[PDB]
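To be precise, the following lines are run_34.cif, and they hold mmCIF, N, CA and C atoms.
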```cif
data_coords
loop_
_atom_site.group_PDB
_atom_site.id
_atom_site.type_symbol
_atom_site.label_atom_id
_atom_site.label_comp_id
_atom_site.auth_asym_id
_atom_site.auth_seq_id
_atom_site.Cartn_x
_atom_site.Cartn_y
_atom_site.Cartn_z
ATOM 1 N N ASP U 1 75.986 82.204 -76.188
ATOM 2 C CA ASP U 1 75.849 83.528 -76.895
ATOM 3 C C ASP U 1 77.092 84.317 -76.572
ATOM 4 N N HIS U 2 77.249 85.476 -77.231
ATOM 5 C CA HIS U 2 78.442 86.283 -77.022
ATOM 6 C C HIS U 2 78.649 86.691 -75.558
ATOM 7 N N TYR U 3 77.618 87.198 -74.885
ATOM 8 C CA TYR U 3 77.760 87.689 -73.525
ATOM 9 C C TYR U 3 78.244 86.539 -72.632
ATOM 10 N N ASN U 4 77.614 85.366 -72.741
ATOM 11 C CA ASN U 4 78.032 84.265 -71.896
ATOM 12 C C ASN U 4 79.374 83.732 -72.241
ATOM 13 N N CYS U 5 79.708 83.699 -73.531
ATOM 14 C CA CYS U 5 81.036 83.255 -73.959
ATOM 15 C C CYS U 5 82.083 84.127 -73.240
ATOM 16 N N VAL U 6 81.955 85.441 -73.366
ATOM 17 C CA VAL U 6 82.967 86.350 -72.820
ATOM 18 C C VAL U 6 82.979 86.196 -71.254
ATOM 19 N N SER U 7 81.803 86.111 -70.630
ATOM 20 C CA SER U 7 81.762 86.043 -69.167
ATOM 21 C C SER U 7 82.406 84.791 -68.645
ATOM 22 N N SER U 8 82.388 83.701 -69.446
ATOM 23 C CA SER U 8 82.970 82.436 -69.017
ATOM 24 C C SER U 8 84.417 82.283 -69.357
ATOM 25 N N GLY U 9 85.023 83.332 -69.933
ATOM 26 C CA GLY U 9 86.447 83.269 -70.267
ATOM 27 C C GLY U 9 86.754 82.771 -71.653
ATOM 28 N N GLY U 10 85.768 82.774 -72.548
ATOM 29 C CA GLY U 10 85.987 82.392 -73.925
ATOM 30 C C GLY U 10 85.991 83.593 -74.861
ATOM 31 N N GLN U 11 86.199 83.321 -76.129
ATOM 32 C CA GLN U 11 86.015 84.363 -77.141
ATOM 33 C C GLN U 11 85.328 83.792 -78.360
ATOM 34 N N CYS U 12 84.583 84.651 -79.024
ATOM 35 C CA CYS U 12 83.821 84.228 -80.225
ATOM 36 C C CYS U 12 84.669 84.355 -81.479
ATOM 37 N N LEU U 13 84.587 83.353 -82.347
ATOM 38 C CA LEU U 13 85.287 83.398 -83.620
ATOM 39 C C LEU U 13 84.446 82.886 -84.755
ATOM 40 N N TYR U 14 84.661 83.426 -85.954
ATOM 41 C CA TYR U 14 83.999 82.903 -87.138
ATOM 42 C C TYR U 14 84.915 81.918 -87.880
ATOM 43 N N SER U 15 86.137 81.753 -87.425
ATOM 44 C CA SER U 15 87.067 80.759 -87.946
ATOM 45 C C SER U 15 87.272 79.644 -86.923
ATOM 46 N N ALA U 16 88.208 78.722 -87.164
ATOM 47 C CA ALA U 16 88.470 77.656 -86.206
ATOM 48 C C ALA U 16 88.926 78.209 -84.874
ATOM 49 N N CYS U 17 88.595 77.478 -83.804
ATOM 50 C CA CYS U 17 89.133 77.832 -82.528
ATOM 51 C C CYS U 17 90.677 77.750 -82.543
ATOM 52 N N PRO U 18 91.357 78.646 -81.855
ATOM 53 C CA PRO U 18 92.823 78.520 -81.759
ATOM 54 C C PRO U 18 93.189 77.104 -81.277
ATOM 55 N N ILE U 19 94.366 76.561 -81.655
ATOM 56 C CA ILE U 19 94.682 75.180 -81.356
ATOM 57 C C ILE U 19 94.705 74.861 -79.840
ATOM 58 N N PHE U 20 94.985 75.840 -78.995
ATOM 59 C CA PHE U 20 95.051 75.590 -77.545
ATOM 60 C C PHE U 20 93.654 75.668 -76.868
ATOM 61 N N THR U 21 92.595 75.858 -77.652
ATOM 62 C CA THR U 21 91.234 75.987 -77.116
ATOM 63 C C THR U 21 90.328 74.990 -77.840
ATOM 64 N N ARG U 22 89.114 74.863 -77.353
ATOM 65 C CA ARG U 22 88.075 74.022 -77.980
ATOM 66 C C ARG U 22 86.736 74.726 -77.933
ATOM 67 N N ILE U 23 85.824 74.337 -78.838
ATOM 68 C CA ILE U 23 84.501 74.956 -78.884
ATOM 69 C C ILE U 23 83.748 74.629 -77.572
ATOM 70 N N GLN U 24 83.069 75.653 -77.072
ATOM 71 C CA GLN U 24 82.229 75.568 -75.869
ATOM 72 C C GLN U 24 80.778 75.851 -76.142
ATOM 73 N N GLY U 25 80.435 76.337 -77.308
ATOM 74 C CA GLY U 25 79.049 76.748 -77.629
ATOM 75 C C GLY U 25 79.153 77.740 -78.791
ATOM 76 N N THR U 26 78.086 78.538 -78.962
ATOM 77 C CA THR U 26 77.974 79.351 -80.169
ATOM 78 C C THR U 26 77.916 80.834 -79.760
ATOM 79 N N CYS U 27 78.046 81.729 -80.751
ATOM 80 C CA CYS U 27 77.816 83.148 -80.559
ATOM 81 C C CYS U 27 77.133 83.699 -81.821
ATOM 82 N N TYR U 28 76.562 84.907 -81.669
ATOM 83 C CA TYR U 28 76.156 85.760 -82.786
ATOM 84 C C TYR U 28 75.142 85.045 -83.683
ATOM 85 N N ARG U 29 73.997 84.747 -83.067
ATOM 86 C CA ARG U 29 72.838 84.132 -83.742
ATOM 87 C C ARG U 29 73.304 82.789 -84.283
ATOM 88 N N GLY U 30 74.217 82.126 -83.552
ATOM 89 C CA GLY U 30 74.621 80.776 -83.948
ATOM 90 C C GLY U 30 75.659 80.680 -85.038
ATOM 91 N N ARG U 31 76.089 81.817 -85.600
ATOM 92 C CA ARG U 31 76.980 81.748 -86.764
ATOM 93 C C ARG U 31 78.458 81.721 -86.426
ATOM 94 N N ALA U 32 78.787 82.078 -85.183
ATOM 95 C CA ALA U 32 80.161 81.971 -84.689
ATOM 96 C C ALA U 32 80.237 80.912 -83.602
ATOM 97 N N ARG U 33 81.470 80.614 -83.232
ATOM 98 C CA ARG U 33 81.709 79.621 -82.173
ATOM 99 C C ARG U 33 82.386 80.261 -80.969
ATOM 100 N N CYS U 34 82.044 79.794 -79.771
ATOM 101 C CA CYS U 34 82.709 80.242 -78.550
ATOM 102 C C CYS U 34 83.870 79.301 -78.279
ATOM 103 N N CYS U 35 85.084 79.836 -78.169
ATOM 104 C CA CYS U 35 86.276 79.037 -77.957
ATOM 105 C C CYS U 35 86.892 79.362 -76.612
ATOM 106 N N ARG U 36 87.349 78.323 -75.917
ATOM 107 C CA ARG U 36 87.997 78.502 -74.588
ATOM 108 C C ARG U 36 88.984 77.377 -74.351
#
```

Rewritten as structure tokens:
Amino acid sequence: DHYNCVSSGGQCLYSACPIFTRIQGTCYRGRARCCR
């Protein structure tokens, strides 16, 4: 979820994860991705 994404050092996006990161889970009722 968003809170855990941010606490773990990731950020939520509705587009692709930046090339230097990879998906770690989801955010925002599952509609975004957590990237780190």

The PyMOL selection byres (((chain U and resi 24 and name CA) around 9) and name CA) resolved against shown file, as an MDAnalysis selection string: chainID U and resid 5 10 22:23 25:26 33:36

Output N, CA and C atoms for every residue in that selection, as an mmCIF file, keeping the file's coordinate frame.
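Saved the output as selection18.cif:
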```cif
data_model
loop_
_atom_site.group_PDB
_atom_site.id
_atom_site.type_symbol
_atom_site.label_atom_id
_atom_site.label_comp_id
_atom_site.auth_asym_id
_atom_site.auth_seq_id
_atom_site.Cartn_x
_atom_site.Cartn_y
_atom_site.Cartn_z
ATOM 1 N N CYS U 5 79.708 83.699 -73.531
ATOM 2 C CA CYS U 5 81.036 83.255 -73.959
ATOM 3 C C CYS U 5 82.083 84.127 -73.240
ATOM 4 N N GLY U 10 85.768 82.774 -72.548
ATOM 5 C CA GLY U 10 85.987 82.392 -73.925
ATOM 6 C C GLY U 10 85.991 83.593 -74.861
ATOM 7 N N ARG U 22 89.114 74.863 -77.353
ATOM 8 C CA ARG U 22 88.075 74.022 -77.980
ATOM 9 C C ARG U 22 86.736 74.726 -77.933
ATOM 10 N N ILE U 23 85.824 74.337 -78.838
ATOM 11 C CA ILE U 23 84.501 74.956 -78.884
ATOM 12 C C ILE U 23 83.748 74.629 -77.572
ATOM 13 N N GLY U 25 80.435 76.337 -77.308
ATOM 14 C CA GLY U 25 79.049 76.748 -77.629
ATOM 15 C C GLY U 25 79.153 77.740 -78.791
ATOM 16 N N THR U 26 78.086 78.538 -78.962
ATOM 17 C CA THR U 26 77.974 79.351 -80.169
ATOM 18 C C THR U 26 77.916 80.834 -79.760
ATOM 19 N N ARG U 33 81.470 80.614 -83.232
ATOM 20 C CA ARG U 33 81.709 79.621 -82.173
ATOM 21 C C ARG U 33 82.386 80.261 -80.969
ATOM 22 N N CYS U 34 82.044 79.794 -79.771
ATOM 23 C CA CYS U 34 82.709 80.242 -78.550
ATOM 24 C C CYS U 34 83.870 79.301 -78.279
ATOM 25 N N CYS U 35 85.084 79.836 -78.169
ATOM 26 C CA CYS U 35 86.276 79.037 -77.957
ATOM 27 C C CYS U 35 86.892 79.362 -76.612
ATOM 28 N N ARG U 36 87.349 78.323 -75.917
ATOM 29 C CA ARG U 36 87.997 78.502 -74.588
ATOM 30 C C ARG U 36 88.984 77.377 -74.351
#
```

Within 7 Å of residue 27 (chain U) using all atoms listed in the file, minus same-chain residues under 5 positions, as a count of residues only: 8

Backbone DSSP call of strand (DSSP E or B) for chain U, listed as a list in words: residues 11, 12, 13, 23, 24, 25, 26, 27, 32, 33, 34 and 35 of chain U

For the residues in the current selection, export N, CA and C atoms as a CSV table (one decimal), in the coordinates of the input.
```csv
chain,number,residue,atom,x,y,z
U,11,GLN,N,86.2,83.3,-76.1
U,11,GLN,CA,86.0,84.4,-77.1
U,11,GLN,C,85.3,83.8,-78.4
U,12,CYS,N,84.6,84.7,-79.0
U,12,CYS,CA,83.8,84.2,-80.2
U,12,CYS,C,84.7,84.4,-81.5
U,13,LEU,N,84.6,83.4,-82.3
U,13,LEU,CA,85.3,83.4,-83.6
U,13,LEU,C,84.4,82.9,-84.8
U,23,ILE,N,85.8,74.3,-78.8
U,23,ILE,CA,84.5,75.0,-78.9
U,23,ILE,C,83.7,74.6,-77.6
U,24,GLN,N,83.1,75.7,-77.1
U,24,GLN,CA,82.2,75.6,-75.9
U,24,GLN,C,80.8,75.9,-76.1
U,25,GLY,N,80.4,76.3,-77.3
U,25,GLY,CA,79.0,76.7,-77.6
U,25,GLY,C,79.2,77.7,-78.8
U,26,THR,N,78.1,78.5,-79.0
U,26,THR,CA,78.0,79.4,-80.2
U,26,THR,C,77.9,80.8,-79.8
U,27,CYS,N,78.0,81.7,-80.8
U,27,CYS,CA,77.8,83.1,-80.6
U,27,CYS,C,77.1,83.7,-81.8
U,32,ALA,N,78.8,82.1,-85.2
U,32,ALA,CA,80.2,82.0,-84.7
U,32,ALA,C,80.2,80.9,-83.6
U,33,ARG,N,81.5,80.6,-83.2
U,33,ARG,CA,81.7,79.6,-82.2
U,33,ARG,C,82.4,80.3,-81.0
U,34,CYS,N,82.0,79.8,-79.8
U,34,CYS,CA,82.7,80.2,-78.6
U,34,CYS,C,83.9,79.3,-78.3
U,35,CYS,N,85.1,79.8,-78.2
U,35,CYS,CA,86.3,79.0,-78.0
U,35,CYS,C,86.9,79.4,-76.6
```

Which of chain U fall in alpha helix (DSSP H), as a ChimeraX atom specification: /U:2-7

6 Å per side around region 13-28 of chain U: axis-aligned box centre and edge lengths, as JSON:
```
{"center_x": 85.1, "center_y": 79.9, "center_z": -81.9, "size_x": 31.9, "size_y": 23.7, "size_z": 24.1}
```

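We find atom C of residue 31 (chain U) and atom N of residue 15 (chain U) to be spaced 7.7 Å apart.
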